[PDB]
Every structure is written in structure tokens, then in C-alpha cells.
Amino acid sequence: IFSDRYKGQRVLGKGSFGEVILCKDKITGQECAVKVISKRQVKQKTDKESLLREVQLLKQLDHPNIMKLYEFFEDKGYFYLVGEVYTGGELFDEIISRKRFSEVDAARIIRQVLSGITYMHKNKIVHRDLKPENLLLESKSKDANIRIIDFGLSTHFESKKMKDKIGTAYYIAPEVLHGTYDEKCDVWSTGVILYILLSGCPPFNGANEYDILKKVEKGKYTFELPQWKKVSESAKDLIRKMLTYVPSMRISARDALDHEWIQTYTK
């Protein structure tokens, strides 16, 4: 059980499928993060054994750009996912706070996000709901790494979130809206993130969730806004390759990570 391994402290905040709380290991004293997925408000999309089968694989997975999952617990009331706690906060909050944000800076971010997606794709894990909220900074350090949270949770878990409805609509893939989605959906979301890091504006706009989803669904976007004239043609080529409507025709995370822009604008 959870009580035999970790002791609960303060509430760090609310996540996707439950509340996050700071917990300490009862033997090593290491501070961890626990996601309390309430069985009453969250439904199980998969069979009890297939959830544990994936969790077992997730525990073995280690990469510098993905949140490390330590252990999983389950009772008659909740579900407990214990992992590495990150102190740097939301990546976008750090970007906004900066004095200057160049193409080199955005490539450093997207190169890190793609490496992370490439690893989970090689290990048959999908995100589906990838957005800025799911991009955390490891620590408050100067050269701190980006960590992707909530990977694989969408596959096994599914409630109402009106205050977070418009937030998810900007980054969602058209196939996900159709119903038939695969791993390609994460490349589209990274495309939206890349588009916003370069221009500051979402490629699919609207005053409400429906208006945003309709634009997402039609799949048409432009490089018409004045901020796109400063942006290199190589970056635009990558966004074009990433926001390809047909998922079959859409380029993979491995090939997206292997682009002229990613290579030249990093190391």
C-alpha cells in the first residue's frame, strides 16, 4: 500500500487525472510527487491487468526529458502514481519572464521535447494531450532540462474540465477529434507548441473551445502574421511537415528530431 512506502506533506497542485501532493520516502527520505487519481471521478479505459502491465514498462523507462515513474498503488477509493518531483515550474512561465527569445532558444526546447517523444514512441507509449502545462522545468537552475509529464495516462484514464477545455483545444490533433488516433498525434501537438514559440500566437484560434476545435478540424493555418517574416524558411518547413493533416502522411518524431533546423539550431 501507499502508507507503507510514502508519507504525505503539502498539495503541490492539480494535474490532469487527479491532484498532485508532495510525499517523502519512509526509508530514503527522498521527496517525490504523487498523483491521486480518484476512482469516483476518473473512469478506467483499460482492463485492471493491462494498466499494471504498462505501469511496469513505464517504471523501467529512463530518459532526461521524461518524468521518471517510481511506483504505482491502488485501493478501493483511489489510484496512486509516484514519480520524480520537479521544482522549475512551467516552461512557458520562464519563457514569458525572459528578456529575449530567439529561434535558437525555441529549437533548444523543441529538440528536448522531440527526444522525449522519440523515446516513448520507440517504447509504444503515446501522450495525446501534450500541451505547455505538460512541459515542466526540472529545477530553478540556469541550464535546467525540460521534463514531459502525464505520458501514457490518457491511454488508461478518462471527467469535466471547462476551465481547462479551451487550453487543451489549441494543441489537440484532428485524428483524436475523429476518434481514430495513433502515435502521430504527439507530433501535431509539438507542431502547435513550435508554432506558438516562433510567433506567440496559436495556429488555430477562436473565442471559445468549439471555435478552436472547428479550426483544428479544418487543419488550415497561415504564416501571414508579421512575426513570420523574421522566422527562417527551415523552421516553417518543419512546422509544415509537423502540421500535415493526414497522420499517415505526417512525419514521425524521429524524422522531426532529424531536421536541418533542429540540427543547426542546437549542437
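When you see a residue number, it is the position in the sequence shown, counting from 1.
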For the stretch from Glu158 to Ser159, please bin the deposited residues that the model skips: none, 1 to 3, 4 to 9, or 10 or more. 1 to 3
Mean CA B-factor: is it higher for 192 to 200 or for 174 to 182? 174 to 182
Averaging CA B factors per stretch from the PDB record, which one is higher: 74 to 82 or 133 to 141? 74 to 82
Residue with highest C-alpha B-factor in the PDB entry, from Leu91, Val187, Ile110, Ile166: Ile166
So if I compare the CA B-factors in the entry for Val216, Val55, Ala207, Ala235, which one is the largest? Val55
Temperature factor at the Cα of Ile149, chain-ranked in thirds, falls in the lowest
Comparing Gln30 with the other modelled residues of its chain, is its CA B-factor in the lowest, middle or highest third? middle
Give the position of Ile37 by CA B-factor within its chain, expressed as the lowest, middle or highest third. highest
Pull the Cα B-factor of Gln227 out of the PDB entry and bin it into the chain's lowest, middle or highest third. lowest
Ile239: CA B-factor among chain residues, third -> lowest
